[PDB]
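**Q** Below you'll find the structure I mean.
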Amino acid sequence: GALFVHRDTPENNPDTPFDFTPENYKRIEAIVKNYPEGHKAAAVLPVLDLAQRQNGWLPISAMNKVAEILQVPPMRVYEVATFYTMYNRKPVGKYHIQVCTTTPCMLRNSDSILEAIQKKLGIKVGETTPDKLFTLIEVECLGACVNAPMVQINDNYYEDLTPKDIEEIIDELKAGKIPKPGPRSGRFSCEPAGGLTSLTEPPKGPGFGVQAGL
Amino acid sequence: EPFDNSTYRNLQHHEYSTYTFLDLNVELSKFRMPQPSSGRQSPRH
Amino acid sequence: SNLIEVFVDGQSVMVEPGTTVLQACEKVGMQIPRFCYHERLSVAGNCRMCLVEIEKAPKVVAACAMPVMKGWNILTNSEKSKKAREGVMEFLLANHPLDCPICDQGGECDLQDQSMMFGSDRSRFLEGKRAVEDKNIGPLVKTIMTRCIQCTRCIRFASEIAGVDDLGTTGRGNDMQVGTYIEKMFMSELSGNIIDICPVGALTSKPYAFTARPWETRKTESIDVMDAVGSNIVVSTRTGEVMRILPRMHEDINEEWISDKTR
Amino acid sequence: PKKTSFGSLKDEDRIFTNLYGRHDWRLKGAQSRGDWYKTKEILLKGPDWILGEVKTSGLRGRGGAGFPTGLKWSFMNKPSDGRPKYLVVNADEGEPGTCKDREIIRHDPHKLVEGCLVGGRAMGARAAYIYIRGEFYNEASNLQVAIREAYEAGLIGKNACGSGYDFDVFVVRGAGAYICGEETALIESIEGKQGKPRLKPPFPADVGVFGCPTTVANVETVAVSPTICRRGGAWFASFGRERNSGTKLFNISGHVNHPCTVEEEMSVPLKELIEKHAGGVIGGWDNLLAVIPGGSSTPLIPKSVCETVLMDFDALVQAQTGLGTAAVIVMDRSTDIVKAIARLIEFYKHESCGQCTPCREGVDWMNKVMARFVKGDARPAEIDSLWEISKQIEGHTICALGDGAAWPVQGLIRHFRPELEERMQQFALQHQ
Ligand SMILES: Cc1cc2nc3c(=O)[nH]c(=O)nc-3n(C[C@H](O)[C@H](O)[C@H](O)COP(=O)(O)O)c2cc1C
Ligand code: SF4
Ligand code: SF4
Ligand code: SF4
Ligand code: FES
Ligand code: FES
Ligand SMILES: [K+]
């Protein structure tokens, strides 16, 4: 899947109604002013992401609108849209489960969590739910491998899961309520499961051993 | 006063809207400086 | 003046500072095999066939984009250079589809010639190859994108020479595909020249499509008359019949390009 | 004289005082710890002074580079040609096992922004382009409310800390790619183009983002800078060993009891590290079958070498591997090392940007042939072919992703050839 060739569809066509709210245009101005003038196409990453933030799935009309907003040729927008991850070019459910399966994450039987996702939703890897809520796909090492096999939905990490812990969060999102983004078994950020092997003392004080006239 | 060594206070990240990035980026825009000019407004000009 | 002395596999030459390594080698006569660098186009260092060994240097460097420095005997025929060329081409020539009898580039494929000169004589690819669906981009250019090597020459020609920035790349990894994403219509006045910049038969001439294997057609120099520019061209005629018109190098009239109307 | 052993770093000597989120990550807790202390004097002391102490401390590349920070930052001491000098900080952390940058940035962002301010003052840089991996949304949101608080306090911005140096910070998202961790691919990504690395030279020094002179850095690399600047290079030079000195935020995961990420002094043998902090490998030290050091790019090491080798770049080089980013991942006996490396190189194939031929083609070729190996469909000759292909990938790629994907294959072959042989013999026997 994930075909990098767009085709004219009634849902995704140049006609497709896409635009930005006035607040979205204010955000785009903020993105533009961050970068030096003359090189403004460099801001093509957030604004198009901003489109996601208001639409999720990005129609070809969204790419064309971003191209005309940033005064950049349309395919220069298409390239960054089709070369980076996320940037969903096909409609997806509002919730978007992403379970890492890389080696450090897989070692603690991440496949158990994967099959638990599958059995809870009935859907398989890829396809979204028939009710258009969740999207069962896998991701690479997103940067939370130090915890137990963990998943990210939209913009919420959950760490230190277990084939059991995912069930509650899944039917929480299915029920509408949001689970708390964080590890599911102690270990607030990354501390040892047994306890605190370090950082167990009050912190350093300002002025600790400096050379005074440094 | 007693420093609790087993608590987490990075909790405000839980209640973050989908626009939170740009929501305070727009406010931060005020505390900035003029960007340097490359001359031509576009590399295509 | 500022001419810096640079050796190439021995004998030394006078080289303008800022000159790439491959130009320095060309100053003597030996030529780096290449697929990504065109003399009148921007460099990208993409094919990695431009790799060569620098004397007393650990890793090979790309002769396409390498500002040559003091001394720097260019070991063109070093064993490490030959091994690097062999490996880079083995990688290039893995997913290449078995179309040489059916591809119009046959006999003047460049890739075939480099394989004859600097390449292996057997394939150890034990797995299945990759296939890319064709993207039509005109009645003027035949498109078989499974044969492409992603040398990015077409994209750079579209951006700088023609100026119509619609020919690009999509995706990543081995599934990266160079095309137009949208079924767009590349109809610039210089589009036909992409037929002559594509090293492989990924882009060919539709009107001439498989009319003659180019090892038969005699080549006769002449001048285009469709325009007052008078671009130098070569008529490829076999058996008393005109097959196609190719651009001739002049550097004062047409560089090495002609209009689609002329072609 | 020479420190006989290394380990059990002093708790007050740990740079990341809030690594576990035990302190206020905003301005108040940061200043309580000692962040933003003596900044004014630090800017007044000058780029030459800051570069002197960064050499004295002697930081090898904390972001899995190894190049000393001294000359790398001295590359931005030449007089300004007029182009706007910039500082860039990399925070991709897509590397299997990399979790330290995310933790520090969601827990100690003020130290990071203070590293950017002090470093950029040393660099002659107009402002900082702090690029955050797009998956870390809340982490970026936290760092930028911290940045806004600093701007309100006047520490960063015009006349930074009352010094006249007009440094600034720009929070940059990234639509997700491990190749974006590469410095030139990072330049390309932040330039709005694809995340394809550019060939050097032009080095990132003279030609960087938008053609302006820039210089990349790791989150940890610049984050440790302000503390060592306030304390002096003696603090960092004391811990660890020669060349490889100071401290590194080690990450531990895999088959360990407590897969945690902890700060510890530099050049420590693994034997202490996994057992004392991670509660030991599940099943005891005997159960430990292999350990990959910092980053999956570095080849895996059998247990016969890990227990003795220290965690320092030179020693891991002697151990036929690299130190990387201290992402120690441990695999026990029950782990199928072949399938683990299979998933790892599958990740590498998924992350290849496809620019240069060697990466784009050879990594996919490796994926297919080595998946066949994992299943067992192969002849004993193909091991040598895989080794030669790994050599072909190495050194011929524009960026170092090719090397980082070739090395795990080399380590797997070298350390577990007989396991491969018996796997394929069983595959030959099962089918008749
Ligand atoms: C494929 C690839 C991925 C990389 N990813 C990262 C990364 O996530 N973080 C990082 O700090 N450096 C990364 N690097 C290294 C950078 O290219 C650069 O050398 C490094 O950021 C310098 O860090 P330092 O300033 O601490 O020495 C990566 C390199 C490659 C080739
Ligand atoms: S372009 Fe491809 S199919 Fe055609 S001759 Fe060359 S290698 Fe063979
Ligand atoms: S289509 Fe032809 S010119 Fe374009 S990248 Fe592929 S081989 Fe090169
Ligand atoms: S090794 Fe080459 S093809 Fe692979 S990501 Fe790096 S530059 Fe791109
Ligand atoms: S392994 Fe799952 S995030 Fe790194
Ligand atoms: S010339 Fe070296 S890759 Fe194109
Ligand atoms: K051709």
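Here, A, B, ... name the chains of the structure tokens in the order displayed, residue numbers run from 1 inside each chain, and ligands are numbered from 1 in the same displayed order.
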Can I get the residues close to ligand 1 as a ChimeraX atom specification, where close means within 7 Å and we count only C-alpha atoms and all ligand atoms?

**A** /D:60-67,69,90-95,178-183,216-221,399-401

**Q** Write to file, as a CSV table (one decimal), in the first residue's frame, the residues of the selection just made, with C-alpha atoms.

**A**
chain,number,residue,atom,x,y,z
D,60,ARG,CA,33.5,14.0,21.8
D,61,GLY,CA,30.3,14.0,19.7
D,62,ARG,CA,27.5,13.3,22.1
D,63,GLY,CA,25.1,12.7,19.2
D,64,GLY,CA,26.9,9.5,18.1
D,65,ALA,CA,29.6,11.5,16.2
D,66,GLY,CA,32.8,11.4,18.2
D,67,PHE,CA,34.3,14.5,16.6
D,69,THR,CA,33.4,19.8,20.0
D,90,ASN,CA,19.3,18.0,16.1
D,91,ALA,CA,16.7,16.1,18.1
D,92,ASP,CA,15.5,13.3,15.7
D,93,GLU,CA,16.2,10.4,18.0
D,94,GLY,CA,14.8,7.9,15.6
D,95,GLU,CA,17.7,5.5,16.3
D,178,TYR,CA,15.3,9.0,10.8
D,179,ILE,CA,17.3,10.3,7.9
D,180,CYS,CA,16.5,13.7,9.2
D,181,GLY,CA,18.9,13.1,12.0
D,182,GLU,CA,21.7,13.3,9.6
D,183,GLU,CA,23.1,16.9,9.7
D,216,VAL,CA,24.5,21.2,13.9
D,217,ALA,CA,24.6,19.8,17.5
D,218,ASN,CA,22.9,17.1,19.5
D,219,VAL,CA,20.4,18.1,22.3
D,220,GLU,CA,22.7,16.6,24.9
D,221,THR,CA,25.8,18.2,23.4
D,399,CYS,CA,25.5,10.0,4.4
D,400,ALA,CA,26.4,7.5,7.1
D,401,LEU,CA,23.0,5.7,7.1

**Q** Define the interface residues of chain C facing chain A as those within 7 Å, counting only C-alpha atoms, and report them as a PDB file with C-alpha atoms, in the first residue's frame.

**A**
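As a result, selection02.pdb now contains:
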ATOM      1  CA  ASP C 165       9.196  22.370 -12.404  1.00  0.00           C
ATOM      2  CA  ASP C 166       6.699  19.513 -12.597  1.00  0.00           C
ATOM      3  CA  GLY C 168      10.057  15.352  -9.588  1.00  0.00           C
ATOM      4  CA  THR C 169      10.421  12.414  -7.211  1.00  0.00           C
ATOM      5  CA  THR C 170       7.935  10.616  -4.974  1.00  0.00           C
ATOM      6  CA  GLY C 171       8.215   8.334  -1.979  1.00  0.00           C
ATOM      7  CA  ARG C 172      11.463   7.118  -0.459  1.00  0.00           C
ATOM      8  CA  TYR C 181       2.482  12.302  -9.129  1.00  0.00           C
ATOM      9  CA  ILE C 182      -0.524  13.977 -10.718  1.00  0.00           C
TER      10      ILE C 182
END

**Q** Write out as CSV the residues of chain D that have any atom within 6 Å of an atom of chain A, one row each with the nearest atom pair and its distance in Å to one decimal, counting only C-alpha atoms, sorted by chain and then rising number.

**A**
residue,atom,partner,partner_atom,distance
D:11,CA,A:199,CA,5.7
D:12,CA,A:204,CA,5.3
D:17,CA,A:203,CA,5.8
D:20,CA,A:189,CA,5.5
D:33,CA,A:205,CA,5.5
D:34,CA,A:206,CA,4.0
D:93,CA,A:143,CA,5.8
D:94,CA,A:141,CA,5.6
D:96,CA,A:141,CA,5.6
D:97,CA,A:145,CA,5.7
D:98,CA,A:143,CA,5.9
D:99,CA,A:143,CA,5.3
D:175,CA,A:84,CA,5.6
D:176,CA,A:85,CA,5.0
D:191,CA,A:42,CA,4.3
D:192,CA,A:42,CA,3.5
D:194,CA,A:80,CA,5.6
D:230,CA,A:210,CA,6.0
D:231,CA,A:210,CA,4.3
D:253,CA,A:146,CA,5.2
D:254,CA,A:104,CA,5.7
D:258,CA,A:193,CA,4.6
D:259,CA,A:146,CA,6.0
D:260,CA,A:192,CA,4.8
D:261,CA,A:190,CA,5.8
D:277,CA,A:197,CA,5.5
D:340,CA,A:103,CA,5.6
D:343,CA,A:103,CA,5.8
D:344,CA,A:103,CA,5.6

**Q** Selected residues, N, CA and C atoms, written as a PDB file, in the first residue's frame, please.

**A**
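Output file out.pdb follows:
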ATOM      1  N   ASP D  11      25.537  11.988  42.562  1.00  0.00           N
ATOM      2  CA  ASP D  11      24.196  12.451  42.221  1.00  0.00           C
ATOM      3  C   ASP D  11      24.180  13.953  41.966  1.00  0.00           C
ATOM      4  N   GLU D  12      24.900  14.721  42.787  1.00  0.00           N
ATOM      5  CA  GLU D  12      25.017  16.154  42.546  1.00  0.00           C
ATOM      6  C   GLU D  12      25.853  16.461  41.311  1.00  0.00           C
ATOM      7  N   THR D  17      19.652  17.204  36.258  1.00  0.00           N
ATOM      8  CA  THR D  17      19.092  17.062  37.596  1.00  0.00           C
ATOM      9  C   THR D  17      17.618  16.679  37.581  1.00  0.00           C
ATOM     10  N   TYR D  20      14.349  12.580  35.468  1.00  0.00           N
ATOM     11  CA  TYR D  20      13.156  11.788  35.736  1.00  0.00           C
ATOM     12  C   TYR D  20      11.932  12.650  36.026  1.00  0.00           C
ATOM     13  N   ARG D  33      17.681  24.976  40.404  1.00  0.00           N
ATOM     14  CA  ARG D  33      18.814  24.081  40.187  1.00  0.00           C
ATOM     15  C   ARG D  33      20.098  24.860  39.937  1.00  0.00           C
ATOM     16  N   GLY D  34      20.018  25.943  39.171  1.00  0.00           N
ATOM     17  CA  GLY D  34      21.196  26.714  38.831  1.00  0.00           C
ATOM     18  C   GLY D  34      21.283  27.057  37.359  1.00  0.00           C
ATOM     19  N   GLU D  93      16.311  11.499  17.097  1.00  0.00           N
ATOM     20  CA  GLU D  93      16.203  10.370  18.023  1.00  0.00           C
ATOM     21  C   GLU D  93      15.375   9.225  17.450  1.00  0.00           C
ATOM     22  N   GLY D  94      15.439   9.021  16.138  1.00  0.00           N
ATOM     23  CA  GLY D  94      14.811   7.855  15.558  1.00  0.00           C
ATOM     24  C   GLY D  94      15.609   6.583  15.690  1.00  0.00           C
ATOM     25  N   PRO D  96      17.042   3.253  16.977  1.00  0.00           N
ATOM     26  CA  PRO D  96      16.621   2.238  17.950  1.00  0.00           C
ATOM     27  C   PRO D  96      17.398   2.325  19.251  1.00  0.00           C
ATOM     28  N   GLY D  97      16.690   2.620  20.338  1.00  0.00           N
ATOM     29  CA  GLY D  97      17.284   2.792  21.640  1.00  0.00           C
ATOM     30  C   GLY D  97      17.438   4.233  22.079  1.00  0.00           C
ATOM     31  N   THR D  98      17.357   5.189  21.156  1.00  0.00           N
ATOM     32  CA  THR D  98      17.535   6.594  21.508  1.00  0.00           C
ATOM     33  C   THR D  98      16.292   7.101  22.224  1.00  0.00           C
ATOM     34  N   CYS D  99      16.444   7.441  23.500  1.00  0.00           N
ATOM     35  CA  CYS D  99      15.362   8.042  24.264  1.00  0.00           C
ATOM     36  C   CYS D  99      15.834   9.181  25.154  1.00  0.00           C
ATOM     37  N   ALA D 175       8.284  16.217   9.837  1.00  0.00           N
ATOM     38  CA  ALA D 175       7.234  15.263   9.508  1.00  0.00           C
ATOM     39  C   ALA D 175       7.710  13.815   9.536  1.00  0.00           C
ATOM     40  N   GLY D 176       8.840  13.538  10.179  1.00  0.00           N
ATOM     41  CA  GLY D 176       9.151  12.188  10.601  1.00  0.00           C
ATOM     42  C   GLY D 176       9.986  11.393   9.625  1.00  0.00           C
ATOM     43  N   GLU D 191      15.047  23.229   5.311  1.00  0.00           N
ATOM     44  CA  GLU D 191      14.988  24.125   4.165  1.00  0.00           C
ATOM     45  C   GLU D 191      13.702  23.964   3.367  1.00  0.00           C
ATOM     46  N   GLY D 192      12.785  23.106   3.816  1.00  0.00           N
ATOM     47  CA  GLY D 192      11.532  22.878   3.137  1.00  0.00           C
ATOM     48  C   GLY D 192      11.598  21.866   2.016  1.00  0.00           C
ATOM     49  N   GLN D 194      13.197  17.992   0.492  1.00  0.00           N
ATOM     50  CA  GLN D 194      13.225  16.645   1.035  1.00  0.00           C
ATOM     51  C   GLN D 194      14.376  16.491   2.025  1.00  0.00           C
ATOM     52  N   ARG D 230      29.779  27.206  33.125  1.00  0.00           N
ATOM     53  CA  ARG D 230      29.736  27.838  34.442  1.00  0.00           C
ATOM     54  C   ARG D 230      30.747  27.207  35.389  1.00  0.00           C
ATOM     55  N   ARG D 231      30.853  25.877  35.366  1.00  0.00           N
ATOM     56  CA  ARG D 231      31.767  25.188  36.270  1.00  0.00           C
ATOM     57  C   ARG D 231      33.201  25.204  35.755  1.00  0.00           C
ATOM     58  N   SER D 253      17.862  -0.739  27.605  1.00  0.00           N
ATOM     59  CA  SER D 253      16.601  -1.399  27.290  1.00  0.00           C
ATOM     60  C   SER D 253      16.895  -2.787  26.734  1.00  0.00           C
ATOM     61  N   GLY D 254      15.827  -3.521  26.433  1.00  0.00           N
ATOM     62  CA  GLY D 254      15.957  -4.866  25.913  1.00  0.00           C
ATOM     63  C   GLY D 254      15.381  -5.913  26.845  1.00  0.00           C
ATOM     64  N   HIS D 258      14.899  -3.677  34.558  1.00  0.00           N
ATOM     65  CA  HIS D 258      14.483  -2.283  34.689  1.00  0.00           C
ATOM     66  C   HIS D 258      15.024  -1.504  33.496  1.00  0.00           C
ATOM     67  N   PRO D 259      14.356  -1.573  32.348  1.00  0.00           N
ATOM     68  CA  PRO D 259      14.870  -0.884  31.157  1.00  0.00           C
ATOM     69  C   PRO D 259      14.755   0.625  31.285  1.00  0.00           C
ATOM     70  N   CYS D 260      15.706   1.230  31.986  1.00  0.00           N
ATOM     71  CA  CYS D 260      15.678   2.646  32.313  1.00  0.00           C
ATOM     72  C   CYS D 260      16.732   3.407  31.519  1.00  0.00           C
ATOM     73  N   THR D 261      16.651   4.731  31.610  1.00  0.00           N
ATOM     74  CA  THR D 261      17.650   5.636  31.057  1.00  0.00           C
ATOM     75  C   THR D 261      18.198   6.474  32.202  1.00  0.00           C
ATOM     76  N   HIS D 277      21.713  -0.654  37.560  1.00  0.00           N
ATOM     77  CA  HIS D 277      20.632   0.268  37.232  1.00  0.00           C
ATOM     78  C   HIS D 277      19.414  -0.451  36.663  1.00  0.00           C
ATOM     79  N   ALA D 340      15.896 -10.541  15.272  1.00  0.00           N
ATOM     80  CA  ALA D 340      16.071  -9.196  15.808  1.00  0.00           C
ATOM     81  C   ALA D 340      16.793  -8.300  14.808  1.00  0.00           C
ATOM     82  N   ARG D 343      14.388  -7.430  11.929  1.00  0.00           N
ATOM     83  CA  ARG D 343      13.530  -6.276  12.162  1.00  0.00           C
ATOM     84  C   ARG D 343      14.334  -4.983  12.140  1.00  0.00           C
ATOM     85  N   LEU D 344      15.568  -5.026  12.644  1.00  0.00           N
ATOM     86  CA  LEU D 344      16.399  -3.827  12.680  1.00  0.00           C
ATOM     87  C   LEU D 344      16.722  -3.335  11.270  1.00  0.00           C
TER      88      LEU D 344
END

**Q** Could you pull the residues within 9 Å of residue 13 of chain B, counting only C-alpha atoms, minus those fewer than 6 positions along the same chain, as a list in words?

**A** residues 181 of chain A; 138, 139, 141 and 142 of chain D

**Q** Residues within 9 Å of ligand 4 (only C-alpha atoms and all ligand atoms), as a ChimeraX atom specification?

**A** /C:46,172-173 /D:178-180,182,185,195-199,349,351-361,363,393,396-405

**Q** Hey, can you spit out that residue selection with C-alpha atoms as an mmCIF file, in the first residue's frame?

**A**
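Once written, result_21.cif looks like this:
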data_model
loop_
_atom_site.group_PDB
_atom_site.id
_atom_site.type_symbol
_atom_site.label_atom_id
_atom_site.label_comp_id
_atom_site.auth_asym_id
_atom_site.auth_seq_id
_atom_site.Cartn_x
_atom_site.Cartn_y
_atom_site.Cartn_z
ATOM 1 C CA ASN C 46 23.631 10.656 -6.947
ATOM 2 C CA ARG C 172 11.463 7.118 -0.459
ATOM 3 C CA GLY C 173 13.628 3.985 -0.239
ATOM 4 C CA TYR D 178 15.280 8.968 10.834
ATOM 5 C CA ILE D 179 17.348 10.251 7.910
ATOM 6 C CA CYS D 180 16.464 13.739 9.173
ATOM 7 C CA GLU D 182 21.743 13.341 9.570
ATOM 8 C CA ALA D 185 19.606 15.861 5.642
ATOM 9 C CA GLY D 195 15.282 15.218 3.878
ATOM 10 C CA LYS D 196 18.005 14.016 1.515
ATOM 11 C CA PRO D 197 21.570 14.614 2.775
ATOM 12 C CA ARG D 198 23.873 16.831 0.729
ATOM 13 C CA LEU D 199 27.434 15.894 -0.204
ATOM 14 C CA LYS D 349 15.192 -0.128 4.762
ATOM 15 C CA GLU D 351 14.213 4.788 6.783
ATOM 16 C CA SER D 352 16.438 5.026 3.688
ATOM 17 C CA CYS D 353 15.833 8.298 1.873
ATOM 18 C CA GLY D 354 16.865 6.642 -1.376
ATOM 19 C CA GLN D 355 19.125 9.410 -2.649
ATOM 20 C CA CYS D 356 22.354 7.549 -3.411
ATOM 21 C CA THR D 357 22.344 4.136 -5.120
ATOM 22 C CA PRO D 358 24.166 2.104 -2.418
ATOM 23 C CA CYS D 359 21.696 2.826 0.374
ATOM 24 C CA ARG D 360 18.528 2.794 -1.748
ATOM 25 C CA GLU D 361 19.272 -0.497 -3.479
ATOM 26 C CA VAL D 363 19.564 -1.964 1.957
ATOM 27 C CA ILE D 393 27.454 -0.399 1.181
ATOM 28 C CA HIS D 396 30.041 4.606 -0.875
ATOM 29 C CA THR D 397 26.994 6.372 0.600
ATOM 30 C CA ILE D 398 26.429 10.122 0.664
ATOM 31 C CA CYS D 399 25.486 9.992 4.354
ATOM 32 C CA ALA D 400 26.370 7.537 7.114
ATOM 33 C CA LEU D 401 23.016 5.724 7.119
ATOM 34 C CA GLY D 402 24.569 3.240 4.703
ATOM 35 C CA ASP D 403 27.386 2.558 7.150
ATOM 36 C CA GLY D 404 24.939 2.375 10.054
ATOM 37 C CA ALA D 405 22.870 -0.227 8.215
#

**Q** Could you report the residues within 12 Å of ligand 7, using only C-alpha atoms and all ligand atoms, as a ChimeraX atom specification?

**A** /C:35,103-111,141-145,147-149,151,153-154,192-206,209,214,246

**Q** Generate the output file for the selected residues, C-alpha atoms, as an mmCIF file, in the first residue's frame.

**A**
data_model
loop_
_atom_site.group_PDB
_atom_site.id
_atom_site.type_symbol
_atom_site.label_atom_id
_atom_site.label_comp_id
_atom_site.auth_asym_id
_atom_site.auth_seq_id
_atom_site.Cartn_x
_atom_site.Cartn_y
_atom_site.Cartn_z
ATOM 1 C CA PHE C 35 25.174 8.694 -14.517
ATOM 2 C CA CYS C 103 14.105 -1.367 -24.832
ATOM 3 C CA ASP C 104 14.971 1.217 -27.485
ATOM 4 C CA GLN C 105 18.074 2.285 -25.534
ATOM 5 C CA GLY C 106 19.603 -1.048 -26.583
ATOM 6 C CA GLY C 107 23.116 -0.726 -27.981
ATOM 7 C CA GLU C 108 23.493 2.893 -26.828
ATOM 8 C CA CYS C 109 22.302 2.420 -23.255
ATOM 9 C CA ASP C 110 25.322 3.923 -21.442
ATOM 10 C CA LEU C 111 24.488 1.527 -18.583
ATOM 11 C CA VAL C 141 8.093 10.702 -24.598
ATOM 12 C CA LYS C 142 7.747 6.959 -24.095
ATOM 13 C CA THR C 143 7.784 6.191 -20.392
ATOM 14 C CA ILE C 144 8.918 2.905 -18.861
ATOM 15 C CA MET C 145 9.707 3.928 -15.282
ATOM 16 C CA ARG C 147 13.916 0.916 -16.105
ATOM 17 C CA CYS C 148 14.782 4.191 -14.371
ATOM 18 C CA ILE C 149 17.862 4.514 -12.160
ATOM 19 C CA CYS C 151 19.751 9.655 -11.765
ATOM 20 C CA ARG C 153 18.844 14.222 -14.699
ATOM 21 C CA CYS C 154 15.256 14.662 -15.909
ATOM 22 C CA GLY C 192 11.952 16.124 -26.113
ATOM 23 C CA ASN C 193 15.511 16.720 -24.897
ATOM 24 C CA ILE C 194 14.729 14.583 -21.839
ATOM 25 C CA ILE C 195 14.908 11.642 -24.249
ATOM 26 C CA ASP C 196 18.626 12.381 -24.696
ATOM 27 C CA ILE C 197 19.455 13.065 -21.030
ATOM 28 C CA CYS C 198 17.962 9.847 -19.700
ATOM 29 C CA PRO C 199 20.869 7.362 -19.632
ATOM 30 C CA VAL C 200 18.482 4.392 -19.764
ATOM 31 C CA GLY C 201 15.446 3.706 -21.930
ATOM 32 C CA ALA C 202 13.169 4.946 -19.160
ATOM 33 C CA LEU C 203 12.290 7.907 -21.407
ATOM 34 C CA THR C 204 12.322 7.458 -25.180
ATOM 35 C CA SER C 205 10.925 9.009 -28.360
ATOM 36 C CA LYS C 206 7.318 7.966 -28.988
ATOM 37 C CA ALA C 209 9.476 4.123 -30.819
ATOM 38 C CA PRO C 214 20.550 2.726 -33.441
ATOM 39 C CA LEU C 246 19.317 14.373 -32.710
#

**Q** Within 7 Å of residue 168 of chain D, counting only C-alpha atoms, which residues qualify if same-chain residues fewer than 5 places away don't, as a compact mmCIF listing (two decimals) with N, CA, C and O atoms, in the first residue's frame?

**A**
# COMPACT_ATOMS: atom_id res chain seq x y z
N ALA D 127 20.89 33.13 15.59
CA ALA D 127 19.83 32.48 16.36
C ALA D 127 20.00 30.97 16.24
O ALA D 127 20.86 30.48 15.50
N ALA D 128 19.17 30.24 16.97
CA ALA D 128 19.20 28.78 16.99
C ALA D 128 17.98 28.24 16.26
O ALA D 128 16.89 28.80 16.37
N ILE D 156 16.53 35.21 26.71
CA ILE D 156 16.78 34.95 25.30
C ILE D 156 16.01 35.99 24.48
O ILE D 156 14.89 36.36 24.83
N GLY D 157 16.64 36.46 23.41
CA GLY D 157 16.05 37.48 22.57
C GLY D 157 16.99 38.64 22.33
O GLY D 157 18.21 38.44 22.26

**Q** I'd like the neighbourhood of residue 421 of chain D as a ChimeraX atom specification, where a residue qualifies if any of its atoms comes within 10 Å (using only C-alpha atoms), though same-chain residues fewer than 3 positions away should be ignored.

**A** /D:373,376,378-380,383,416-418,424-427

**Q** Write a file of the selected residues as a compact mmCIF listing (two decimals), in the first residue's frame, keeping N, CA, C and O atoms.

**A**
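This went into out.txt:
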# COMPACT_ATOMS: atom_id res chain seq x y z
N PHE D 373 17.36 -15.52 5.00
CA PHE D 373 18.25 -16.12 5.99
C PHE D 373 17.50 -16.45 7.28
O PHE D 373 17.67 -17.53 7.85
N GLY D 376 15.52 -19.27 6.70
CA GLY D 376 16.47 -20.36 6.55
C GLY D 376 16.72 -20.79 5.12
O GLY D 376 17.57 -21.66 4.89
N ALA D 378 18.59 -20.59 2.29
CA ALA D 378 19.84 -20.07 1.77
C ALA D 378 20.85 -21.21 1.69
O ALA D 378 20.70 -22.23 2.35
N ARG D 379 21.86 -21.02 0.85
CA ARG D 379 23.02 -21.88 0.80
C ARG D 379 24.15 -21.25 1.61
O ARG D 379 24.25 -20.03 1.70
N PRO D 380 25.00 -22.07 2.25
CA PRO D 380 26.08 -21.51 3.08
C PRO D 380 26.97 -20.49 2.37
O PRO D 380 27.70 -19.77 3.05
N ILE D 383 26.34 -16.30 2.89
CA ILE D 383 26.86 -15.52 4.02
C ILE D 383 28.01 -14.63 3.56
O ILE D 383 28.07 -13.44 3.90
N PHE D 416 27.89 -14.56 14.93
CA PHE D 416 26.93 -15.66 14.98
C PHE D 416 26.84 -16.41 13.66
O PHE D 416 25.77 -16.90 13.30
N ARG D 417 27.95 -16.51 12.91
CA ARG D 417 27.95 -17.36 11.73
C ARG D 417 27.48 -18.79 12.01
O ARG D 417 26.61 -19.28 11.26
N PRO D 418 27.97 -19.50 13.03
CA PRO D 418 27.49 -20.88 13.24
C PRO D 418 26.00 -20.98 13.54
O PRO D 418 25.37 -21.97 13.16
N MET D 424 20.07 -22.65 8.77
CA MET D 424 19.89 -23.08 7.39
C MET D 424 20.03 -24.59 7.21
O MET D 424 19.37 -25.15 6.33
N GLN D 425 20.84 -25.26 8.02
CA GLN D 425 20.87 -26.72 7.97
C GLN D 425 19.54 -27.31 8.40
O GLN D 425 19.04 -28.26 7.79
N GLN D 426 18.94 -26.76 9.46
CA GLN D 426 17.62 -27.21 9.88
C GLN D 426 16.58 -26.93 8.79
O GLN D 426 15.69 -27.75 8.55
N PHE D 427 16.69 -25.78 8.12
CA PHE D 427 15.79 -25.49 7.01
C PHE D 427 15.95 -26.50 5.88
O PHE D 427 14.96 -26.92 5.27

**Q** Taking only C-alpha atoms into account, find every residue of chain B that has an atom no more than 8 Å from chain D, and write it out as an MDAnalysis selection string.

**A** chainID B and resid 4:10 13:14 16 20:21 24:25 28 31:33 36

**Q** A:54, A:21, A:12, A:64: which is nearest chain B, counting only C-alpha atoms?

**A**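 Closest candidate: A:54.
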